[PDB]
Every structure is written in C-alpha cells, then in structure tokens.
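Labels run A, B, C, D, E, F, G, H and I following the written order; every chain starts at residue 1.
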Amino acid sequence: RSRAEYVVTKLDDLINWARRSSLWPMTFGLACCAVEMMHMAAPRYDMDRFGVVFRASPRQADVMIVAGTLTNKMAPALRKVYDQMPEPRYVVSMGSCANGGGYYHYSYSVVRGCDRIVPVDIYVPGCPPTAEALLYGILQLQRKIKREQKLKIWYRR
Amino acid sequence: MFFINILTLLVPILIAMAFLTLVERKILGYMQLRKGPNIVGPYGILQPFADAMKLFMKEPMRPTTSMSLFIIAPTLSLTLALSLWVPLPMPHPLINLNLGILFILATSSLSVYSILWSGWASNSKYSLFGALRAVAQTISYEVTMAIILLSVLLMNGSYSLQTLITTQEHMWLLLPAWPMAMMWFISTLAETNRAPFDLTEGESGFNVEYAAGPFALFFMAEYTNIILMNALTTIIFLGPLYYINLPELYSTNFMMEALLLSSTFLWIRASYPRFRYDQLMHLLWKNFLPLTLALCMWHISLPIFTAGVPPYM
Amino acid sequence: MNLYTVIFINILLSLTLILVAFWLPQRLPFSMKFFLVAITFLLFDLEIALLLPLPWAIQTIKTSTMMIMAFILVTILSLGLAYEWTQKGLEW
Amino acid sequence: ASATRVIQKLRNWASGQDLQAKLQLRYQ
Amino acid sequence: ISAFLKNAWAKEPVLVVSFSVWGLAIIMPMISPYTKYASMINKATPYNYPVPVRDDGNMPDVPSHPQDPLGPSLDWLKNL
Amino acid sequence: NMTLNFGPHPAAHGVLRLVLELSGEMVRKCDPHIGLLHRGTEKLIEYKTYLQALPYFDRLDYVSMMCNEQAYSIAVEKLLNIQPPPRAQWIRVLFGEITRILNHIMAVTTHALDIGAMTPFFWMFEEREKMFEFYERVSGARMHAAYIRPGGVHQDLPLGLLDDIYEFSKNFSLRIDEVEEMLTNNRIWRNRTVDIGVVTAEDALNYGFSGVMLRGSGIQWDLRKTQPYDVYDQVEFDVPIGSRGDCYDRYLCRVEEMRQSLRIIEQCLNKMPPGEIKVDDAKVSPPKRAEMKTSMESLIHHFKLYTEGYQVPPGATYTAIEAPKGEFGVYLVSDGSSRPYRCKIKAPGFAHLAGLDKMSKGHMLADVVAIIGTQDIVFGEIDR
Amino acid sequence: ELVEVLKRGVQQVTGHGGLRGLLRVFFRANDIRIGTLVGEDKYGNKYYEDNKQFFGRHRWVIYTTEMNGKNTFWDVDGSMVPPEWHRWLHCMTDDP
Amino acid sequence: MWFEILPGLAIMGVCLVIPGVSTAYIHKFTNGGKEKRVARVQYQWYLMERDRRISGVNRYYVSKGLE
Amino acid sequence: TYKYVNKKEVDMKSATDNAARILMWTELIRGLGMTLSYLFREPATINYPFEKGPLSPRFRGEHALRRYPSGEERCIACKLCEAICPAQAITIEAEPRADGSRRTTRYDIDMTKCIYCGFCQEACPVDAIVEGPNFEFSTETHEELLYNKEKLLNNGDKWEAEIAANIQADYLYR
C-alpha cells in the first residue's frame, strides 16, 4: 500500500519495536528492592534475555527503575539523574516504598512516592516486588511502548 | 569494480561487527548460566540491529559541551578502525602497502586522540580525568606493542603484511616468538580497552557524556577494532595455511582463527577482575618492557648468527 | 588514489552516521607522573623511530656494525629505563 | 544435564571436579 | 649469590629472563658457526647490475659466458 | 585535592555521597555522607506495637533479612523473660545461617562486580535464588519474611523443606569452590585486594568495628561463641580468624564462614527436635486459629494480641547477635506499654563506614571501591 | 551420541505441526520443545509439562490468539493464564 | 544449551570470509584472469608498464612467443 | 574453636614452579577453564511468560476479600485487620446493613502503602482478607493501585478457587 497512513504506521511500529526490544535500564538501587532486581539480572530470570542490559549509565539509559525509599535528601538527585537521560526516557517505580511511601510513608524524611519527583510510567507493587513481578512490569512497559504512535500523530498534526 | 571491493571489506565487516556484540552477550551469558538475548528475532540475530535503531533515535543529548570535538571524536574512532581494515591481507589485501604494518601501527596510534578529545570535550571535572587514563595507557602499551612488531618484522624481512604469508608457509610464527605472542595478545587486550585492561570506563570515562549516535560510533569502532587486532594476531603470529591455487582456505582459516581469538577476549572479560590503573602500567613498564626490549635484541641476533637474515622483498 | 577512494568512503560512512544521529531524533595536574610517563613515551617513541630502519639495515653488508650499533641503542635506552626504576620514577 | 558424555568430560576436565554430582539443574 | 638468583627466579621472574636473553643475544653472535655467513649471504645477493670490465688482458675474470669456471661462487650458499 | 563528590549511581548501595578530595588519582581524605536512606525506622517504631514493628527489622539490613529479626526477637523475649520453644530455636539457627550464606554471597559477589569480575555474581545469585525459595516456602515472602517473631517462629516448616535445605547444602559447597577457582588465587584479585585497607587489631577494637573486620585483623571474637544466643551453643563451628588483615584476608574469612555455616546448617537438619514453634503463653504468642475459633479464652487472647499488644514489662536491654555483617544490637527501652519507647538499632556498618577514612588513606580511586566492598555496607542499617 | 542429539532436534522441529506451526511457536516463545498436553483451558491456552526438564522449565503454557478477543498472538501477557491453572503453572499444586 | 551461540557466530564468520574471497576474485576478474601483479620495487613496475606498452592497453594482456 | 584462613624453602623445583606460575600465567588459565566448563552447562533461566518461577501456598502476593460459599462476603468489619496493619494501609468504616448484620461500607487497601507483611491474613477471625497468589498486578496509574471493596471483592471472586486451595493446604500449619 502507498496511502501514507499505511506507510507511516508501519514506520512507527519499527521505531517502537527498536525501543521496546532494547531497553537499557539504570538502577538507582535505593533500599532493598534493588536486591530483588539483581535477581532479575541473575540467571533464573535473565533480564538480558529480553534485551534489558544488566547495567547502564544515565546517558545511555532508556528506563530508570526506582527501587527503594526515595528519601528527602536523595530526592534532588533522583531528579537530576532523570533529567540527565535522553529524550525517549521512562520510569518504572518498583516497591511499595517508591510507588507510594510504603511502611515509611508517614516518616519525615521519606518522599511519599517517586511520582512526586519523577513522572512514573509503570508502578510495580510489593514490598520486595517479586523479580518475576518486576519482569512483568518491564514487559508491560514494553506493551506501553508498542502502543505509542508518535509519527502518526505527527502526520495527523 | 574497485568500489564493489570497498563495499565488500566494509559492509561485510560492519555486519560481522554487529554479530560480535550478540556473540558477546551470549557467550558471556552461557558462561554465567543464562541464555543471553534470544527473544528478539530468532536466537537473538535481530538483537544487534534493534538497539542500533534505539541508540540513533534517542536524543544526542549534546549535553552542553564543545560541539565540534564531540563530533570529531566518534567520527575519528570509527574512521581509523574501519580504515585499518583496508590493508589487512586476508588472502590478497585490498590496497597493498609496502610499509603496511607501519600503517596499522600509525593508524592505531591516532585513536588515542579520540579518547583525549572526547574527555576534554565533555565538560566534567571527572570525565576529563577518565580520558587521561585511556590516553596514558594507550601510548604506554603502544611502546611495547611497537617493539613486539619490530621483533617480528626483523624475522619477516619487511613491513608489508603480505610477506608473512610467505614467511609462514611452513610454520606459524607462534612456535618461534611465542613469548611475544602472549605479549602481543595482552597488549591487544589493552589497546582495545577490553576487560583485564579496561580501567577506563570501568566507572570513575569518555562515553560518560556520550549517548545515542556518538556513543554508537565509538562503540562500533571498539568492536571493529576488537576484531582487527585479533585478525592481526591471526596473520602475524597464527599464519593461516596459504595455497596459491585456492585463496579462500587462507580466508576460511583466517575466519576460524580470528573468531576463536575474538572469542578469547570475550572469554577473558567474563573470567577476570579488572586490573588497577597503576597495576596496569606496572605490568607494561616493569613486567613486559624489559622482556620485550631484551627479546627485541634476541631477534636481531637470532637472524645474524643463525645465518638466517630474512630476504628483503 | 586507490587508497584515497577507500578513505573518503570511510569518512563519509562515519560523518553519515553522526549526522543521522543528530538529524533523526527530531583542574588538578597532580600527576606529573602522568607527565613523566608521557615524557618517557616519546623518548621510547623516538627510540623506536631509530629502531624502525633495522629491517632494511639487516641486509647491510657490514652486519657486525649493524648489530653493534643496534645492541648499544637498545642497551642504553634500557639503562634509561633502569634509572627510571631506581629513583622514585615509574612508581607513579 | 543431557551432557551426552563428551560435553560432560570437557566440562569435568575444564572445571577439574565432577559437576555431574552437584548439578545446576534441580530435578525431582 | 645463589639466593640472589633463586628468589629472583621465584619472585621477579621477568627481569631474570629479561637479562638472560639480553646476554644470550650478546654471545651467540660472537660464538657461532654461521655468523660469518650473514655478511656474505647478504653481500652476495645481487641487487645492482654487475658492470663488466674491459679485457686489457691477463685477467682471471670470467670472460664471456658467466658460466666460466672462474670467479666467485655461492655454492657456500647452496648446500648451506 | 579537588572534591569529586564521587558517588550517587556509583558502586555503593545507591547512596554514598562520598565526597572526596583527590590529588590526581590519590585520595587525601574521604568524608562519607550518610542519610541518603534515612527513613525514620527508629521513630516510626515508637508509634507501633511490638509485633507491627517486627517487619521494620527485616528492612533495616535486608540482605540479611532474618538474622536481624532474631535480634529484635531475642530482645523482646528478654524483656518478657520468655524464651522460645526448642524447635523454634533450631529453626532460627537454621534460617539464621542460611541467611549468613545469603549475605556472604551478596558481599563476595557484589565486591567482585565493583572490582570488575561479573561471572561470580551470576553463578551464586542462582544459588541465592534457590535459597530465597526456602524463605518463601517457609514464610511466604522471598525476602522480608517476618517469620522470626518475638516468641519463636510464626509457623512450622512446611512438610518437606528440611529435605531440600539438604539437597542444596549438599551441593552448595562445590559452588563456593568454583568461585574460588575464579577469585581466591586469581593473579589479579589478589593484587587489587591484598594489602588494601589493612586495619590494626587495636584500631579495629577502638573504632568499634565488631565483625569480620575485627576477626580479619586476628582478634578472636564471635558473639556466637563468646555469648551464645538461641542454640548456637549446641552446634560446633570454627570461627575463621585471619592474619595480615587486608581486603583479601577478610574475604577469605567470609568464604570460610560460608563454609562453616554449611557445617552448622547440616547439624541443624540432623538434630532439630519435634515440638512447637511458638511459646505456649497466649499472653505473648498468638493463639492457634483452630483454638481461637473454638475457645473463648483464645479469641480474647487473639483479639487483644493483634489489636493492642504484648504489654512488655518496663525495662531496657541491649541484645546483640552476630548478624552476617557484624554485631547487630537493639537497645529497646520499654515502658509497660504495648508499643516500645526507644529502639536504637546498632548497625554493624555505622562503625565500619566511619573507618573508611582511617582505612583508605593515600589510596587510589579504585582502592576506595574495593574498601566499601570489604565492609559489606548496606545503607539501610547505617541510615536507619 | 550427538547424532541422537540431532534426531532429538529434528523431532522437536517436526513436533510443532508443520513448518508454519513451529515458525509460529518459534516467533512468540523463541524456544522449541515437545511435551505432553496436560490441558487446554476455556480461554484459549495450551499447557504442557515435561518431567525430564529442570524444575524451572518443566511446566510451560503456550498462550493463544484472542483469549478475550485482544489480538494476544504477539503481546503475550502473564495475567492471561486463568486463576485455576495459575497455581499449576507456578508449581503451587502438583495436581493439574 | 551452548548450541545457540553458533547462530550469531555463523553470521560473523560468513561476514569475515566474504571479504577475503571477495577481494581475491575481484582482483582475478579485474586483472584478466591473473592475480593483480604487485609492483613493490621500480623494476616490477617497469616490466608492468613495459608490458602495457607492449600490447593493447592493459598489462594482463600478455603477448607470447607468437609475436 | 578458631581457624587461620591465611596464616603462613626456596628450591629450584619450588622456584622454577613459582616462576612458571608468574611467567606463563598458569593460574589465570585455570580460571578460564572454569568458565568454559559452565558454557557447556544447561542455562537455568525460565521463559518468563511461558514458564513461571515456583511459588508455594503461603506466597502473599495480592490482597483479596473472600466470600462465604453461599455468597455473603466474609468480612464482618471487626476492623482489627486495620488495627494490626503496620503501614496504616487498610481503611475501614462500617454501618449495620439493613439485614441488621454488620458489614463494611468502605474497605480500602492502599497497596502502595501496603508492604505485604501478611499479618492481615493472620489477624482476620473470619479470614475474610487473604493474601492471594497473584503477584502480577502492575498498573499504569497510581490511582489503580489504591483498591476499594469492589476491586478486592472482584479480586476475591476471580482467584477464590486457588485461594481456597492455598488456604486448604496451609491451615493445619496455622
């Protein structure tokens, strides 16, 4: 087909496939939910298998997984690093301590959620969110990206 | 034709360059009890193309920093590495140069700048220092790297890489000169900033501020080099059998030896912790340079008193 | 020329990639050791340059003088190294 | 498992001990 | 002195080998049944045309066909 | 000495604003910053009842999830002058040790990842994984179990766990052996680790190191042998003391306690008694659900225990165990109320970090990375 | 030895119906293996268990297209498996 | 098993033999069926160009005893 | 009982042995052999969507509110599940239903606040609130994670068959 609509959608998809197949994460590793992510990186549940690299610096990172309490002192940093990433960037909040406040919600030093400091795309629940659950959450980010249609909106704009 | 012969010798290497990252992310995997990337495409074959497209699409942040240099550094890194494949004598070379190994030594030396330029270009008190590590080690390892070749040449008779195919028609230059092979292999590991010798960028260099397209170009460069240096080991020390009647068994064995030695630095990476910055220079200036300079003299003496001075040409 | 053709394709391929990259996504000098190393490097480099003619010089009719010369050069530089290893040099 | 008796021997020779006795694959 | 060489061979086992080679390369040339050949084998290799001299007379130079039994020979190079 | 504010994502557990002044590649002074993970754990506990503050202890240093719980347990049991039942004690030592392995696999393999060796982590994280599964099949959670409660364990082991904690133990050794063939004698591990961060014996006691860090310097102190807690007295193990204390020696010590813990686990499986897993005082331990659903005194005791609490007698105690990192102690001051008054958690780690300054002196940037590893710093315990 | 290894690979490829059938399994899972079919649930799903494989991979479910009309052939989701068969897949209960 | 690292390698190998076979047949087809002569020293060029001047306008064309 | 982890003649045989170790990197080659060995071992990873990591009956996972077979929801609003929740997650307000029985008008578990301790599972007398097996409930928006009575009751109805099997397996233990 040559209708430019079918010409575009297809192109967008390719773009989405590339970003969704290779997501390079970065793990601030606040707290413990970091241990449950290292497990994902580990052999039972290989993250790489999916195209997720075990480690990445902020410049080269597609997704930031905030694992653990985002305390008030670390809150300015989180932002900095979120602000130091590329134009196509995403945030997967991991842990009840970062989805909301978690056990430490009423504390004076804990931000009640990272979505008060960085926009969050997928919220993975559980105190130590199971590694399979993170993997489920990373896979749902992949379905979120697949649906994104950036060029078709350009074309229809 | 010559143009076609430029596509071949380039694309083919670029496509192979992409498949090395994949065979790195799987061989490291199986060594660490994990499948590695197999879900995108079949058995992960489409995996290298996928992040290439993700890398180019993401914003070349160009943080900000001196721009021109930020764009000369990756261009130089890819240009020199792909350029050094121009003279490799896989069977017949493409551009046969009478002083070929000096071309390879000189072109490698120029890549140290890209590290220096990228480090200065990012405006980071810390990144700037990171480039220093690589630039210093590169020239350092270059000093033994060059002397090790001079020992070789004196037993080959010329600087042209094409002569070694005639020097190694009866035995690999590993049998003789094995002591330097090892020292060429370790130096090849340093100059490609691979693991045992990858302090640079271990944490603490010249990719710090580099993302998307610039990241990719050096990136591509490193891996192409990873191959090229391994290929130079597979011509200078492991001489593939050459039959003038059928030139491809030379390239077939060149293919096999290059892949195995390329596999070896992948295997080295997973197997060893990274050396300390001074530990690294302690090796070259203390452990290797005295060995190399002395074995250099032995290779000016072996020819003369064994009446084996090599035939020029 | 033949080489020129290859090289310009080489630069073109790299300049093409950087462009695509940009167009598609629409002070302490404490280590004088650092400096020291680098001084050594050229002294060694320059030395290499003196050793680089040895492949042509092997075929020199003299031979005795060749080796006598080459051995002296390698030995005197190595002693330079040796003295780098006697004081607090090369110990960063 | 499924060593085939040759990959297992390369495994045993390279490791220097018998992994067959203490495998990474848990079984019933 | 034995220790100066037995621990220096156990620890520091590079400089020992390094020096040893330095020397062995400084000796073999002096003592060898072939060292002399290098200056000959390379001397013989004919690179520049051998210009012929006028035959004033009474000379041992190979006249005519170079194959004449007179002159220099490289049978030493052959069967070397 | 240009401050590099070296730190946050660095090579620490997320938070180390390790601000440092470095003349080129030499470290002149290290002033670690802390509190990037302060969360209020000590103040929050004052507003919670004893049983609802048990989950906080698992989060204090969560690599060592349970061993921490044992310290609060012991502390609350002392204040009540109640002691667990015999089977529960062995359990706590069984899962106490399994947890030590889990911590050491974390400490040794994460140490290497920062050094640059990455294959040991994947090798042993698979073994870790297998252990987590024990936790899950005993507690319900992979980590953060809440299994060791103030009066014993929560629920008896599933019918079949012991057998599997055997198969694993029977093999884990080889897995430690492998790591060894990769790092103990690597021609390169030794260099980056040997003679780095040597700590004298007198200085280690002075800065309150109290852990492998002391044991590595040759001081012989294992709170598990000196002051036995639970039934660690009935087992027989050898403390792995070290000499020429340095990063390499202490490491060897941590690999050796992984080995000694397998000796303690074996015994616990061989000699765990038949019995109950929680004190029979409905006053302290919640009544069994069949009982609370058929007996009035049990419902009343279930209702009051869950809604109000233990009501510990007024007093204060400092009880210290030998958590994998080092001495983990809870100073729990308590009024007669059901909710505590103070609960300072002594973290093996607040003392160790402080030593970073006196350990990493005249050292390169890479040395600092090696020393943070040899202290097993989990910022949860330090920040609390 | 390896020839029997090769025959096992051939049977796995022939096992998934035709060339097109294995291509379908190949693309969505990236793993080819043959197992007895324990059950097919009413939402389209097929479950297979092999005793020989290690504990992690001996039970697998091959998801089906449109189990609630969602075009699920490519966007496979963990939640698609029904609650009854969830515990069998996670090894919570041995019984199918 | 480790079987799978082979796919990727195959595509590397195949992409490292092409170049060596390609350069060594685009020479034997752009030099009249004969290896491309290697002019390393002035004399090899002379005979190379002398030959050009000998016949046709290309060196591979080699006039024989029948000339 | 203590042990010395690292507490410690020069013979040609010995030295030559030691020098070879430094010169030809013998121990380094030993390390390479170990990794080559595993390269040949079967990888332990599981196809995540197709094969799932095993979780036994006590796995806490995601909250659900059960109902009596008859169909009457089990919760009778005693509200001690609220009392023992460590995170203050569960909010319950109740009033007598017209039937005269006691039921919760609003039961809200804030899952982002919840730290999945499993005490609520423990505390309930009628065992109305249970830790359900599902762990995969990741949500695009924060509001979805907050759960009211209708989501939990719906969660309870969906997973009741497995929840009943899980409680069946572990109740003797409790």
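Convention: a residue touches a chain if its C-beta (ideal position, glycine included) is under 8 Å from a C-beta of that chain, and two chains touch if they have at least 3 such contacts.
J.: Sort out for me whether A-G or A-I is joined by the greater number of C-beta contact pairs.
T.: Of A-I and A-G, more C-beta pairs in contact link A-I.
J.: Measuring between Cα centroids, what's the chain most distant from chain G?
T.: With centres defined by C-alpha atoms, farthest from chain G sits E.
J.: Find the geometric centre of each of chain D and chain G from their Cα atoms only, then give the gap between the two centres in Å, rounded to an integer.
T.: Comparing mean C-alpha positions, chain G is 27 Å from chain D.
J.: Using the average of all C-alpha atoms in each chain as its centre, how far is it in Å between chain C and chain D?
T.: 48
J.: Report, in whole Å, the distance between the mean C-alpha point of chain A and the mean C-alpha point of chain H.
T.: Computed from C-alpha means, the inter-chain centre distance equals 53 Å.
J.: Whole-Å distance, chain B centre to chain F centre, using C-alpha means?
T.: Result: the chain centres lie 46 Å from each other.
J.: Which residues belonging to chain D are in contact with no fewer than two other chains?
T.: If we look for residues of chain D contacting two or more partner chains, we find 2, 7, 15-16, 19, 24-26.
J.: Give the residues of chain A that touch two or more other chains, as numbers and ranges in rising order.
T.: Within chain A, residues 42-44, 46, 49-50, 57, 87, 103, 106, 127, 130-132, 136, 139-140 contact more than one other chain.
J.: What are the residues of chain C that contact at least two other chains?
T.: Chain C, residues with two or more chain partners: 25, 27, 31, 34, 58-59, 63, 67, 71, 75, 78.
J.: So in the complex, which bits of chain E are touching chain C?
T.: The touching residues are 22, 25-26, 29, 38-39, 42-43, 45.
J.: Using the touch definition up top, name the residues of chain B that touch chain F in the complex.
T.: Touch residues, chain B against chain F: 28, 31-34, 125-126, 129, 195-196, 198-199, 202-204, 270-279.
J.: Show me the residue ranges of chain D that touch chain F in the complex, using the header's touch definition.
T.: Against chain F, the touching part of chain D is residues 15-17, 19, 21-24, 26.
J.: Quick check: in the complex, which residue numbers of chain I touch chain G?
T.: Where chain I meets chain G, its residues are 42, 44-57, 59, 133-134, 136, 158-159, 161-162, 165-166, 169.
J.: Flag every residue of chain D that touches chain G in the complex, lowest number first.
T.: Result: residues 4-6, 25-28 of chain D touch chain G.
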